[PDB]
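Using the authors' numbering, the letters of the sequence shown correspond one by one to residues 30 to 180, 192 to 195. Heads up, the beta-carbon is just placed ideally off N, CA and C, and yes, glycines get one too. Data block below; observations after.
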Amino acid sequence: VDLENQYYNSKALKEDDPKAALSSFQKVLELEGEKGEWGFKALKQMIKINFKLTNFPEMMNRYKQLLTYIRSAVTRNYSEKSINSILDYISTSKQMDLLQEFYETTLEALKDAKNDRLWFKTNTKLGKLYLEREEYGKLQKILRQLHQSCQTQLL
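Right, here's the structure in full:
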């Protein structure tokens, strides 16, 4: 059933250069997201190239496309590990001035009551970025959410 999508994802995975490869990953996505795990992996690679080389708003758009397979299609664990690894790559590469907005969009899309560590660790690291930003107003709202999540992590 998924025999085609696996091959097109594996074919677009090579190429080395992002030229014509991003459009091939877009073709993998265009083969409709019925599963759609392979579209998630295609976008994950598209993200992996986009913030590493040139343009950033396109990465924000494709990341917003990634934030749809959280509850449906792909499991919570694989999406959590993918988001965590991507956030670590951006944190090592670029600084707060881009990273903070991606953290904000991640928390804006994770509107789910079952998110325990998924909401917490992202809100905590955003709190650290807000501490580096010298913002204390919205940081109190972040700390209000974090304190109300309990009323290990409390410390």
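So, with DSSP's three-state summary, where would you put residue i?
i	result
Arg100	coil
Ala49	coil
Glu44	coil
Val30	coil
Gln193	coil
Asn84	coil
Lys64	coil
Using a Cβ-Cβ cutoff of less than 6 Å, which residues in the same chain neighbour residue i once the five nearest sequence positions on both sides are dropped?
i	result
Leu72	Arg91, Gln94 and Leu95
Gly62	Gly68
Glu109	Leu147
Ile78	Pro47
Quick one: measure Cβ to Cβ for residue i and residue j, integer angstroms, because I've assumed they're closer than 8 Å.
i	j	result
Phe69	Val30	In fact, because the Cβ distance is near 17 Å, the residues do not count as touching under 8 Å.
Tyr132	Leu155	5 Å
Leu158	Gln129	5 Å
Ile76	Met88	6 Å
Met125	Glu161	6 Å
So, for residue i: in the same chain, excluding its five sequence neighbours on each side, which residues have a beta-carbon less than 7 Å away from its beta-carbon?
i	result
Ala50	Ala41 and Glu44
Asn38	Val57, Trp67, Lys70 and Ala71
On a Cα-Cα basis, can you pick out the residue from the options that is closest to residue i?
i	options	result
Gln193	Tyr159, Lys167 and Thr151	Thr151
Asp46	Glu33, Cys179 and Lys81	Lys81
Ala142	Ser120, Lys48 and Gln174	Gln174
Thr97	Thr83, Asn84, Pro86 and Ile112	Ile112
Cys179	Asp145, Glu33 and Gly166	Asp145
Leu195	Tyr165, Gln169, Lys167 and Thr153	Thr153
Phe85	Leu168, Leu127, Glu59 and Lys167	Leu127
Determine, for residue i, whether the minimum Cβ-Cβ distance to residues of chain E falls below 7 Å.
i	result
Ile99	This model lacks chain E altogether, as it is built from one protein chain only.
Keeping to the same chain, check which residues put their C-beta closer than 8 Å to that of residue i; ignore five residues upstream and five downstream.
i	result
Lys64	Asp31, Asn34 and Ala102
>> Give the list of continuous alpha helix (DSSP H) stretches no shorter than 4 residues that lie fully inside the stretch 114–180.
In response: 125–138, 146–162 and 166–177
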